[PDB]
Structures are given as C-alpha cells and as structure tokens.
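Below are two forms of the same protein chain, given as structure tokens: structure 1, then structure 2.
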Structure 1
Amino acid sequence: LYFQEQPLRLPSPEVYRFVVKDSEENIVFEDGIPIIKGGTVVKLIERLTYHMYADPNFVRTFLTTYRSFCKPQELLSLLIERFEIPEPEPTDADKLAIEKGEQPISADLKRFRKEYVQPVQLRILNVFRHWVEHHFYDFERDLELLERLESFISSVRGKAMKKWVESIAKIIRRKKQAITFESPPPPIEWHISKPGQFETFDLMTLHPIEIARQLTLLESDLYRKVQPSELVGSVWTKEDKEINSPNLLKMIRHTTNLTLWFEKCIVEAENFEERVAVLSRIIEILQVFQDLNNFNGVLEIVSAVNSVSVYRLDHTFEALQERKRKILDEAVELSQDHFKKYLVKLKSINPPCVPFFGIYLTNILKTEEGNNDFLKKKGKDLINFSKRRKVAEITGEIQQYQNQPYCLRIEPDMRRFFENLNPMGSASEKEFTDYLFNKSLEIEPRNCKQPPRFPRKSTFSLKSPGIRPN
C-alpha cells in the first residue's frame, strides 16, 4: 500500500489459464474485499480460490447459485484444474544450482510455493468442504460426481493437507449414512371421525383445530426442506424441474391441491345451510392457522375464497355470522396492496411460523426477468454474477425461518389424508375449473334472491365443536 513489493513469479497462461491478466474483458467488479460483478467461469473459479485472502461470502453464494452457469461435473473439473499448478520454468542459473547439488531452491520458487500454491490448494479444499457440507444433494443425484471427488482427494499428497482430506471424508461419511418435545404437546383433537377410521376423514368430520395443526405440521416440513438452489435461475419452471427442485415443487403442489380442495368443499356442498357451515368451518381453520403463525395456511384459504366459483356465492357469505366474516376479511386484507399488511406482520411474529411461500417465488421471477444472464462484451460475454447474488439475497430470507419446530404431535392417518388429497380426480385443471364454476352457477344461480333448495348431504349436526381445546 505504501510500498510496492517484488512481484510474484507465476507460470505461463499457456499452461495454467488461471493466471491470465485481469481485465475488463474477463472480470468486472462493482464500483473489504471487492464485490464481483461478473466474469468468465475461469475467473470466477480463480477468485473463488484466490491466494491473497479468503472470501467466505463469495464461496457460499457461488455454491448456492453456480448451477445457473456451470455444471457440477464442470465445476469439479475446474477445481481440479486450479489445484494442479505447474511451477514457473526454472531459469538457467536455477538449473545450475540443482545440478551442483545441496543448494537451497531459488527465493522466487520458495515464494511461489508458500504464497501461491499452498494457499490456493487450501482454498480449493475449503470449497470441497463447503460443497459436501451444504450441497450434498449434488452427490446424491450424481454418483460419478462423488466418485471423482473421492478419487481426487485420495490423490492429494502432503502432511499439511491430510487434516483437510480427512475432514472432507468425515463429512461425506456423515452424509452417506443419513421427535423430542421440550414441553408436552397438547392432546390430539377429534370431532366426529375417530382414531383409525381414516376412510371417513373429511373437512366436517375431522376436528377444526387438528386440521389446522396437521396441515401446519405438514406445511412446516415442506417449507423446511426447500434448498436455495431450487429457486436460482427459475429452474423449477424449466426443463429438468423435477430433478433440480423436488422439495420446492412439493411445496407448490401441496398449496395447489389444498386450495382447490377448500374450493371443492364449498361448491360441492349444495344444501345452503350445509354450505354456510362448511365456509364457517374453513374460517375456524383459518383462525387456528393465525394462532399458529401459519400464514401459508392462512393465504391458501384466502386464495380459495377469492376463486371465481366461490367469490360469487353472495348468499353464502351474507349468511355468515358477523364475527367469522370479520376474521375472514382481516385475513383477506393481509394480501391487499402487494401484501403490505402481511409483510409487517411477518416481521413481528415469534417462531415457530410458516411464511407465505408465494411472495418469494413471485419476487424471484421478477429478478429473473429483470437481470440478464450475461454482460455484453466485444468477445466472449461474461457471466452476470451480481444477478445470482441478488437472487441469493432473497433465498437467504427463506432459510431464516426453517429451524423452528412446532410443539404439535403428528397424527399419521390425518397426515396421509392431506398428503393424498386429489380434488381434481380424473379431470384436468381446466376441466375441474369449469366444473366448479358450473356447480357454483347451479347452487346460487345468477340474480336469485333465495338460494335454491337442495337435499342435505349428511345426517350429523352442522354445529362446529369450535376452536377451544379441551
């Protein structure tokens, strides 16, 4: 900084392309280590394993987002390329010293091994360790990928690196092999259906408290298992979505099925009094969702009542008692003005909770369309890494809620019930949508002043048992 030291002697870029001089044609920074704006994947690998210092934020973000610009096998081969560093060509005077014998190696070569080769190779081992610790799904999906890595680390010689090599193997071994309650969870609630009679489970026969409890437990596990990589690059809306985003797709599809299920229960309840009781039950489920801070569950219900087939059922909503109507309307207002009220309430609740997942998926899609994958250059175009960082910022917001277990006991039969809901049946989404609205027109025809009379579907009481535990 206040004096320029002797430069480090490096091998030729014809035998080690990672030493090619930095320029605006292969790497750009954002105008405290510098923030990388983009570059070639070679230059990103170099800064990923830079010899001058460590960069833990770049390593984490790279390993979460790299799949949007580089293949897992491509990355392993790049790290092995980085590791096998040739030494500079010895000078004529250096060769003479070796020939003489019993001569300490050149000061330049000692500097090179100590200030470059060793630090770079250690940064690579650090990358391998972060990879298998936090992204081991790359190795579950690709078996040749793992065997290559394990083959390579077994080729590493040197006492100074054996601690690292054995730490990587210890992590892999822990991975390859892979409920307590601090205070007693409340007793399971049952209504008309009884334990074991899973064939009779339905919206009005299960207990409303337990429906909310069990959906919260299910939606909590689904939310917890989403990995940030499943959201980068909108890979869940792309060709290999089933492989790259399995947990995220299970979260979206649960939400789709449960929202269509609530709609189905309202419209298919043709008797007017029975239908008002169904809607009131769903609002009771909504209130326990809010008591449990399950905003995903809340907004799935808001989503159902906003569907056209339900929204038009004016005589049903008008028959609702004023109190349950007010609860529902407060919930609906959470979503208004781009979820303005929802966002201030999320920031003020204590764990455990289940956030609304749709706001992340929507905000990520806008970043995807609002930032180009590349930066434009005369020659080769650079990878836009700032874009990946921006998406990584949002995926970090998802992870801060995923370590919050609920103090609720799992009911296995009800758990299978909600995992196996198939409201559409054999119809397509299009076919089912038309069928719902057609059934809505039937149960409350246009411009009717009194809902038509339909026979009651069940013989049991419409009275809810309420949301008060016993």
Structure 2
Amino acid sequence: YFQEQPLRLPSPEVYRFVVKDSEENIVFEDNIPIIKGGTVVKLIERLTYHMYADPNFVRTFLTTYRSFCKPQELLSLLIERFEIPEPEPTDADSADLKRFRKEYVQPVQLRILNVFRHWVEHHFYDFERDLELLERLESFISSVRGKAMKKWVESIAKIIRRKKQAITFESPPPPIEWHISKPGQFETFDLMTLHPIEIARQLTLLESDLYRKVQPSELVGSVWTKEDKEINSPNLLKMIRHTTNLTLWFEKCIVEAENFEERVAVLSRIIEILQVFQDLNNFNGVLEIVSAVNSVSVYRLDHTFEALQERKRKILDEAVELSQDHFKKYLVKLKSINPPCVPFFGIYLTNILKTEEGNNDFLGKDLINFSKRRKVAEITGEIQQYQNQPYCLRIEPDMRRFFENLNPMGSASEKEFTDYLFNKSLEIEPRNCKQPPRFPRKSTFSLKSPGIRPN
C-alpha cells in the first residue's frame, strides 16, 4: 500500500545477479510467487532472494537442478552470489550503504548458507561422486568471515562430518525356513532346494532395500536413460537390473525343466512364492513373476498351465489381473494395503518418462523450464513422502548373495538368450502336440513342496 525508497545496488556489470527482471530472463506463473522459468542466473537469484525465504523452491531446485545445471556450476554460481560488491560511492561522496548491508548483503549471504546446508543434508551424494566439489565448498566455507554466519558455517561442517562417517526389530522376527539345501552350502542353492517362504522373504528384503535407496534425482530428467546413467542413477539401475535378472530367472527355471511333471512342480512352486509375495505386499515380486509367465516362451506352455491345481491357477490369474487395464487393479490395491510394502517402480518411471517427453526443457534467449522440473519433482515427491515401514524379517546372508549374483543369461546376450529359451520351449512342448513329450527327470531330489505355512 506504499512504495518505499528502492535499495542502492551495485551495477549489473559488476554483479550480474542484479540485472533487471524481464520476460527474456525470468518468467513467473499467474497462480510468494511461483517461478515458471528463467536463466540459471535468475534461478539462483530467486533461490537466494533477499526479500523472502522460499523453502519449497529450495527443496525443488536442489532435487531437480542436475537436469539443467552441473553441480560444479551450481557451486560457482552460489559463491559468485555470495561475493557481493558494494555500490560505488555517490557522486557527492552511508545511509544507503548501511541499508544495503542490512537489507541485501546479510539476507542473501544467509540464504546461500541455507542452500549449502540443505545441499549437504539432503543430497550429499553429489559430494561423494565429486570430491573436488566438496573441497571447494569446504575451502569457501572456511574463508567465510562473520560472527552472524559462524553458526551457519559450523552447522554446515557439522553435517559434513556426519555424512563423512557413514538389524533391530520391533517384534521378534519369525525363524528362517530351510528345505533341502541347509545353511552354508550355497553351491546347492536353487529354486526347488530352498524353501518357498524364505525365497519370498529374502527377495522381499532385498527388493525393499533396493527400492529404499532410490532418490528422486535419479529419476529427474530421465538421467537413468542418458549418457551419465551409471553415475547419476546407480540405485535405480540396480533396482531395474535386479528385476530384469529375477524375471529371466523365473522364466529359465520353468523352460529348462524338460520333464513335464517337474515343470508343473516348478511353476507351482513359483506360484507359492508369488503367494507369499502377496502376503508381504511385495508388488515388485508379484509383477516379476507375472512378467515371467507372460514371456512368450512360458506363456505358450498350455499343457503346463492346464495341469496346475485350480487353486494355484486362480492365484496366478488374480495376480495377472493386477496389471490389466493400465494397472487399474494394482493402483487401488496399493492404496488400500498398509506398510511394510514394496511398490512397483515401473509405473512411476513411465509417469515420469511421459511428462518428460510432453513438457519442453525450455520455455530472446531460451529460458530453463522450471515448471517441468516442479511437475517431475511432484511425481517423485509422492514416492518419497509415502510412510513405509521396514520388514520384520531376518536377513539370511547366503541366500541374499545367491539372489544378488543370479546370472540366468550365462554367457549369452539378450537376444541370444531369448532365442535359446524359445527353442527350448518348442522342444518341451511342440506346436500342436496332443500331450507333452516325456523327458528324463534331472533332479535327484523330490519336488514335493513344504507348503507356505511357517513354524
């Protein structure tokens, strides 16, 4: 309701962050204002604005900035923003200078240190991937002089020390289940020799830990599909590669069982493991098995599926329904169950890949489209903010290592391995055969399942 005297600022030629706002360097949305886009200089200016604090923009920026700015560039810009020159003395030469220091220099310099604090607290992986970046930040933070900023400086270093350093159960976990293979002899571990309960438990723990380690920045900008995927998305790729190898493992176990009765038992055991996956709300494991039975080499084995117990076939059909109609039943099932759970990552990745292709990276000079990043950060934010629980199950390390190091493809490549599985599928059940041919049983152990009831 009143316009006060404007602050006397340095020239834009000496401090490029005070260049005047224009639709050619920054754009806002008509919905604290909401930034639609701009130059990275204008984005940094609003990231450390002097008039107000903007924690939502800080959180969103530090999650998404790798899609439009490198971590080294971000640090340089923040340091450049910190080193604010004072305006050249008036043509007559202190009232404007005292005002400039209290209302502009101190607020901006404190906003930058808050950005540093959020950066090292919530995204220290940047400094683990780039040690030169961390030594630049420590060198700059040491050179920071001022008693008002000492609390901030020692707070940043306190967090860095914590990050440079780096189970227990609420209720007693149930005992580990063993079938034919016994503790220690990892060389004999296999789908049918291990216990179906414990296969599902150990893969559920493994897939829960893999899922928990994925951070939003590994998804922003689809960086897991681009040139630097191994560096920017190491946890997400481990999640994708585990799911690929486990899906191929279930397919291999079925098709390589040439004896018909052995193959029906193998498929039956897999449906039992699926049964425990559903008990544990492990939807990743459920859809791993559905993907395997939907492979062309397994799906065509009509004699195998028709020999199943009707109860086990209805369990499998129930799980196949989860994915039908664009995962309609899966979405309402996930919303209804309670944690601990392991949601399916695939639907999230397609959501993000679809908005990445729809929205443009840029909005005179081409300006970074930050609204696109805010939309992508809102998808990942819904994943991060789900209140999930750790599983109350004990880890068996040898089984864990067995599932970690599963390599079903052997020496063959992707297309060669699918050719091998489809040719083997045609051998064990030929096209238009009246009954499956008889093959010798390769297992020297019984295929009777111990069930999925514990104790």
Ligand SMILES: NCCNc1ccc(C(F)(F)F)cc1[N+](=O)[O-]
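In this text, rigid core is short for the largest set of C-alphas that superpose within 1.5 Å between two forms. Quick note, the numbers are simply positions in structure 1, starting from 1.
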Legend entry - Between structure 1 and structure 2, the form deposited with this ligand bound: 2
Legend entry - C-alpha displacement of 2 Å or more between structure 1 and structure 2 on the rigid core, among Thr200, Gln400, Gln321, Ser154: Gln400
Legend entry - Once the two forms are fitted on their core, CA shift of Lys430 between structure 1 and structure 2 in Å: 0.4
Legend entry - Shift in Å of the C-alpha at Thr367 between structure 1 and structure 2 after core superposition: 1.2
